[PDB]
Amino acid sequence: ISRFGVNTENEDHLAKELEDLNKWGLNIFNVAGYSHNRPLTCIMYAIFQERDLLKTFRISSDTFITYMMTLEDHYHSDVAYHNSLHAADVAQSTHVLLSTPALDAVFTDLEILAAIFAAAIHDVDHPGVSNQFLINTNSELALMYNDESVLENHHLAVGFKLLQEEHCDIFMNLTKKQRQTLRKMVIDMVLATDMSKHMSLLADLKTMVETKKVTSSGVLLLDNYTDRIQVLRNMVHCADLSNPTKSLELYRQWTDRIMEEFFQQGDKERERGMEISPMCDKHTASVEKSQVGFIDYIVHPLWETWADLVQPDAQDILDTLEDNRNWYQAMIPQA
């Protein structure tokens, strides 16, 4: 499949943008434009063929498209940030981190498959409000999940429930043991995307960079499953927290989107007479200080640490982040 719409010019434009598939500088917004709003289906199709995953796992191209298309329809188009474009961008970004030189020959194809799928499903059906909002407003979801990783459990539930129908089941020709290991890994990684778990995750990552063992040639030695899944769960977390590491032109659009989502929640809070969460207040929160604060406290320490694990591979990402931080600081009118 070369196009999803009526415009013949787009095949070319789409195919053009997909030349950057293996690069950090891919522009998912363009992919979205040239694919009739199917950034996730298109990107995943592209990633799977690049990695020969459909052949390696005997996934019919037809079952795959129908699954992806449906996965993608389960992202809410009326949610500013947490929609299929962010899913696409996290899938693509993980695709690039998986090919980093320092992790060469390290992961099985099942593992590579799990990480890319995890990426794709990891915010599906996101309502546009935070876990704390669902908990404080007694949502059906918080009731289902008992207030623990409410959204994350949900996203996983939806992704795997979409595989039940044979016409959608992309893992049909995996072995029971393979599916078993996939589910265990995908679950681990998506749950890892819960921000509430981030310090515990960074702590444990810092404490793997300490005992790190780069083999003679250049690649990291990860022998056991426990070290391997820890990198993957951190890679997908990085991917999700990657917007500030992209070109400024992309970071700003992402930033605009998430603030729109956050202020939509503020409005819904106010509408219900709840205490308005500070970063969700359109009347008082500085968009710019939010990003400087986000980078300084969350994104830099994570990437500073990822960059360490795989150096010098991520050095260019660190330089971009540091430049992007400074751009935002410089837009704060105060010293």
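One rule holds for the numbers: they count along the sequence shown, beginning at 1.
**OP:** Using only the Cα atoms and their B-factors as the entry lists them, report which of 40 to 48 and 300 to 308 averages higher.
**Re:** That would be 300 to 308.
Original post:
Looking at the deposited entry, does 185 to 193 or 201 to 209 carry the larger mean Cα B-factor?
Top reply: So the stretch with the higher mean C-alpha B-factor is 201 to 209.
**OP:** Just grab whichever of 138, 242, 215, 234 has the top CA B-factor as deposited.
**Re:** In this record, 215 carries the highest C-alpha B-factor of the candidates.
**OP:** Would you mind checking which of 162, 85, 222, 115 has the top Cα temperature factor in the PDB entry?
**Re:** Of the candidates given, the C-alpha B-factor peaks at 222.
Subject >> Lowest, middle or highest third - CA B-factor, residue 276 >> reply: Residue 276: CA B-factor falls in the highest third of its chain.
**OP:** Determine, from the deposited record, the chain-internal third of the Cα B-factor for residue 227: lowest, middle or highest.
**Re:** Residue 227: CA B-factor falls in the highest third of its chain.
**OP:** Give the position of residue 104 by CA B-factor within its chain, expressed as the lowest, middle or highest third.
**Re:** It falls in the top third of the chain.
**OP:** Comparing against every modelled residue in the chain, figure out the third that the C-alpha B-factor of residue 123 lands in (lowest, middle or highest).
**Re:** According to the entry, residue 123 has a C-alpha B-factor in the chain's lowest third.
Original post:
If you rank the chain by CA B-factor, which third does residue 61 end up in: lowest, middle or highest?
Top reply: According to the entry, residue 61 has a C-alpha B-factor in the chain's highest third.
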